[PDB]
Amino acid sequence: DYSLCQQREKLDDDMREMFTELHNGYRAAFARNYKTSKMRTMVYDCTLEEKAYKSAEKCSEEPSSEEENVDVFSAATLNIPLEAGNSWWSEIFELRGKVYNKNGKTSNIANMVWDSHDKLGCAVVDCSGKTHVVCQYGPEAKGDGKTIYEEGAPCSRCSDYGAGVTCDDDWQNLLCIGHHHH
């Protein structure tokens, strides 16, 4: 549901969906291969999208807070969600276990697979001829020295999140989802 999002020049509902699906696929792959016990399903959040735009328009090439990812490019090869997603996912090679080490090498992948993250919103802007892609995540949790994900059977600890949260049959029963119609 993107009803609360406004018209953006370089982002539409299609791309919002592409961003969300890409992240959840990354998180499902990560949960199965690293055995993460409470990896949440992400849902698109139009409030985080507005936060992402307000931050993106500053045209920094670095994140301004722990829950922000930034990517900068021109002459893209892939579409925008894949160009950003792949750059951020590639940091997986610099991870060294479940503990986040703030070293400039893993901030994007850590935001994407932080187990308690369940919301994202993104922004696409031009800065002096380069595309900046920014995604903002929630809730706030990421930090140096903190545990990115707890380890164990997938979905075994969904109930840690409390009311209404169950294993998500939409994502191969690997992720945890909040109460919803389905």
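Numbers for residues come from their place in the sequence shown, where the first is 1.
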Between the two ranges 152-160 and 139-147, the one averaging a larger CA B factor in the entry: 152-160
Per the PDB entry, mean CA B-factor is higher for 47-55 or 123-131, namely for 123-131
Selection by C-alpha B-factor (highest) of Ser74, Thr106, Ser90, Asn79: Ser74
Position of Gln172 among the chain's modelled residues by C-alpha B-factor, lowest, middle or highest third: highest
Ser64: C-alpha B-factor third of its chain, per the entry, is the middle
Quick tally, chain-level thirds of C-alpha B-factors: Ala110 sits in the lowest
